[PDB]
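What follows is each chain in one-letter form.
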Amino acid sequence: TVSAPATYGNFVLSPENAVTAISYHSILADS
Amino acid sequence: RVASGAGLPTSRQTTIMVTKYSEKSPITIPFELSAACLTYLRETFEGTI
(Lines give C-alpha, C1' and ligand atoms only; values in the text may rest on other atoms or scores of the structure.)
Protein backbone atom coordinates (compact mmCIF):
# COMPACT_ATOMS: atom_id res chain seq x y z
CA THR A 1 0.00 0.00 0.00
CA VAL A 2 1.25 3.44 -1.02
CA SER A 3 0.06 6.78 0.39
CA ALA A 4 -0.75 8.99 -2.58
CA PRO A 5 -1.90 12.61 -2.24
CA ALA A 6 -5.62 12.91 -1.58
CA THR A 7 -6.33 16.31 -3.16
CA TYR A 8 -5.17 18.49 -6.03
CA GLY A 9 -3.06 20.76 -3.88
CA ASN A 10 -4.03 23.52 -1.49
CA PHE A 11 -4.71 26.63 -3.60
CA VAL A 12 -8.29 26.04 -4.82
CA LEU A 13 -11.37 24.60 -3.10
CA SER A 14 -11.25 20.84 -2.89
CA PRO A 15 -14.11 18.85 -4.45
CA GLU A 16 -13.33 17.01 -7.68
CA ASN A 17 -17.05 16.84 -8.59
CA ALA A 18 -16.88 20.43 -9.91
CA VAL A 19 -17.59 19.16 -13.44
CA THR A 20 -21.02 17.95 -12.35
CA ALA A 21 -21.75 21.16 -10.43
CA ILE A 22 -21.06 23.62 -13.26
CA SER A 23 -22.88 21.45 -15.80
CA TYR A 24 -25.84 21.09 -13.43
CA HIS A 25 -26.01 24.87 -13.05
CA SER A 26 -25.99 25.14 -16.84
CA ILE A 27 -28.84 22.60 -17.04
CA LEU A 28 -30.91 24.59 -14.56
CA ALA A 29 -30.04 27.82 -16.43
CA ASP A 30 -11.11 24.22 5.08
CA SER A 31 -7.73 24.50 3.37
CA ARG B 1 -51.45 95.78 -22.68
CA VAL B 2 -51.07 99.51 -22.09
CA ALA B 3 -53.91 101.75 -20.94
CA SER B 4 -54.72 104.18 -23.75
CA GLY B 5 -55.09 107.92 -23.43
CA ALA B 6 -55.76 109.17 -26.96
CA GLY B 7 -57.67 106.53 -28.90
CA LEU B 8 -60.58 104.31 -27.96
CA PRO B 9 -59.03 100.91 -27.11
CA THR B 10 -60.50 97.73 -28.57
CA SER B 11 -61.22 94.85 -26.22
CA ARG B 12 -58.92 91.84 -26.55
CA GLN B 13 -58.39 88.38 -25.11
CA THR B 14 -55.74 88.66 -22.41
CA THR B 15 -54.78 84.97 -22.73
CA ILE B 16 -53.83 83.07 -25.88
CA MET B 17 -53.20 79.36 -26.37
CA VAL B 18 -50.27 78.10 -28.43
CA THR B 19 -49.56 74.55 -29.56
CA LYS B 20 -46.07 73.05 -29.70
CA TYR B 21 -45.12 69.67 -31.14
CA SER B 22 -42.50 67.44 -29.54
CA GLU B 23 -39.49 65.73 -31.10
CA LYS B 24 -38.35 62.23 -30.14
CA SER B 25 -34.82 60.83 -30.03
CA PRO B 26 -33.32 57.61 -28.61
CA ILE B 27 -29.74 57.15 -27.37
CA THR B 28 -28.12 53.80 -26.65
CA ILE B 29 -24.73 52.31 -25.77
CA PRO B 30 -23.65 48.67 -25.28
CA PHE B 31 -21.30 47.21 -22.67
CA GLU B 32 -20.04 43.70 -22.00
CA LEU B 33 -19.25 41.63 -18.90
CA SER B 34 -16.98 38.59 -18.80
CA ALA B 35 -18.54 35.46 -17.34
CA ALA B 36 -15.50 34.52 -15.25
CA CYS B 37 -15.45 37.79 -13.30
CA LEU B 38 -19.21 37.47 -12.88
CA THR B 39 -18.76 34.03 -11.30
CA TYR B 40 -16.05 35.44 -9.04
CA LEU B 41 -18.47 38.12 -7.87
CA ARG B 42 -21.45 35.76 -7.58
CA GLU B 43 -19.99 32.74 -5.82
CA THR B 44 -18.55 34.57 -2.76
CA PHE B 45 -15.56 32.24 -2.23
CA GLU B 46 -13.00 33.79 0.11
CA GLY B 47 -10.69 31.02 1.35
CA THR B 48 -7.29 32.22 0.16
CA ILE B 49 -5.74 35.66 -0.24
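Calculation notes
- Residues numbered from 1 in each chain as written, not as in the entry; some residues may be left out.
- Chains lettered and ligands numbered in written order.
- Part of a larger assembly, values for the part shown.
- Heavy atoms only, no water.
- Helix = DSSP H or I, 4+ residues; strand = E, 2+ residues; numbered from the N terminus.
- Buried < 20%, exposed > 50% of the residue type's maximum accessible area, 1.4 Å probe, protein only.
- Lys, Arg positive; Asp, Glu negative; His and termini not counted.
- Charge placed at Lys NZ, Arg CZ, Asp CG, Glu CD.
- Salt bridge = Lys/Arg side-chain N within 4 Å of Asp/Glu carboxyl O.

Its PDB header attributes the entry to cryo-EM and lists the resolution as 3.02 Å.

The name given to chain B in the PDB entry is Major capsid protein, with Human herpesvirus 5 strain AD169 as the source organism. The title given for this PDB entry is "Human cytomegalovirus penton vertex, CVSC-bound configuration".

Caption draft 1: How the structure looks around the overall build of chain B. On a plain count of helices and strands, chain B comes out with 1 helix and 0 strands. C-alpha extents for chain B along the principal axes are approximately 95 × 25 × 15 Å. Each of the 49 residues in chain B was classed as buried or not, and the buried ones make up 0%. If the 5 positive side-chain charges of chain B are averaged to one point and the 4 negative ones to another, these points end up 37 Å apart.

Caption draft 2: Here's a closer look at unusual backbone geometry. Residue and element names in this part refer to chain A. Of note, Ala 29 is a non-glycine position whose phi angle comes to about 55°, a positive value. If you trace the backbone, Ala 29 turns up in the segment after α1 (18-28). On the accessibility criterion, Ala 29 (86% relative accessible area) is exposed.

Caption draft 3: Representation of the pattern of salt bridges. Residues and elements named next belong to chain B. Applying the stated criterion to the full structure yields 1 salt bridge over all chains. Of the charged contacts, one joins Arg 42 and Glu 43 as a salt bridge, the two residues approaching to 3.3 Å between their closest N and O atoms. A relative accessible area of 45% places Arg 42 in the partly exposed class. We classify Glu 43 as partly exposed; its relative accessible area is 33%.

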